[PDB]
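Engineer: The UniProt record's numbering puts the first residue of the sequence shown at 46, with every later residue one more than the last.
Sending over a structure as structure tokens; questions will come in a sec.
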Amino acid sequence: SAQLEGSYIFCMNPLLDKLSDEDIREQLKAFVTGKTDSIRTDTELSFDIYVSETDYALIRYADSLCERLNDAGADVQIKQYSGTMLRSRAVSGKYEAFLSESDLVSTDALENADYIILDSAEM
């Protein structure tokens with residue numbers, strides 16, 4: 046019953062070996078925004094996406110995105126945590142990717158990362 050509203054971010058940790066290739070990260074951005082439904086990779090792409098467990102609309106969105114990513118041959122999992130835990134993990138870099146309301150995570154944490162702003166109406 047909760048619905049997506051406002052700005053969200055899809056955020057990747059670029060220092061993670063498996064997401065360290067800029068082209069793969071750009072492909073993922075394009076995929077998440079609907080500009081492509083393909084992920085072209087040399088070897089398998091597998092990563093987790095974290096989401097806050099109290100953002101019910103975003104968990105719904107994330108679960109659906111997971112289905113589309115795995116249909117495209119990725120092996121992605123969604124893992125929910127408290128938002129405070131997600132904030133902490135974003136700051137420490139103990140994450141691969143996450144989705145959040147744009148204002149959830151520390152602006153300092155986002156400056157270390159590679160992210161894209163998503164609009165609710167296009168999600």
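Heads up, the beta-carbon is just placed ideally off N, CA and C, and yes, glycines get one too.
Output yes or no for whether 9 angstroms exceeds the beta carbon distance between residue 76 and residue 142.
Structural biologist: Position 31 of the sequence shown, counted from the first residue, corresponds to residue 76. Position 97 of the sequence shown, counted from the first residue, corresponds to residue 142. No, the Cβ-Cβ distance between residue 76 and residue 142 is not below 9 angstroms.
Engineer: According to the Cβ coordinates, are residue 79 and residue 165 closer than 9 angstroms?
Structural biologist: Stepping through the sequence shown from its first residue, residue 79 is reached at position 34. Stepping through the sequence shown from its first residue, residue 165 is reached at position 120. Their beta carbons are not under 9 angstroms apart, which means residue 79 does not touch residue 165 by this criterion.
Engineer: What ranges does the beta strand (DSSP E) occupy inside the segment 81-161, keeping only unbroken runs of at least 3 residues that lie completely in it?
Structural biologist: 91-97, 120-126 and 142-146
Engineer: List the DSSP bridge partners of residue 54.
Structural biologist: Here the question's residue 54 lines up with position 9 in the sequence shown. Beta-bridge pairing links residue 54 to 145 and 162.
Engineer: According to DSSP, is residue 71 helix, strand or coil?
Structural biologist: By 1-based counting over the sequence shown, the position of residue 71 is 26. Helix, per DSSP.
Engineer: How many angstroms separate the CA atom of residue 114 from the CA atom of residue 48?
Structural biologist: Reading the sequence shown from its first residue, position 69 is the one you call residue 114. Reading the sequence shown from its first residue, position 3 is the one you call residue 48. Those two C-alpha atoms are separated by around 21 angstroms.
Engineer: Tell me which same chain residues have a C-beta within less than 8 angstroms of the C-beta of residue 151, skipping the five on either side of it?
Structural biologist: In the sequence shown, the residue the question calls residue 151 occupies position 106. Cβ neighbours of residue 151 beyond the five flanking positions: 132, 135 and 136.
Engineer: Which one of 87, 93 and 130 has the shortest CA to CA distance from residue 110?
Structural biologist: Within the sequence shown, residue 110 is the residue found at index 65, counting from 1. Selected option, being the one with the closest Cα: 93.
Engineer: Does the distance from the CB of residue 103 to the CB of residue 96 come in under 9 angstroms?
Structural biologist: Within the sequence shown, residue 103 is the residue found at index 58, counting from 1. Within the sequence shown, residue 96 is the residue found at index 51, counting from 1. Cβ atoms of residue 103 and residue 96: closer than 9 angstroms.
Engineer: Report the rounded CA-to-CA distance for residue 88 versus residue 153, giving the unit in angstroms.
Structural biologist: Locating residue 88 in the sequence shown gives position 43, counting from the first residue. Locating residue 153 in the sequence shown gives position 108, counting from the first residue. C-alpha separation (whole angstroms): 32 angstroms.
Engineer: Label residue 122 either buried or exposed according to how many other C-beta atoms from any shown protein chain fall within 10 Å of its C-beta, with 16 as the threshold for buried.
Structural biologist: Locating residue 122 in the sequence shown gives position 77, where the first residue counts as 1. Classification for residue 122: exposed.
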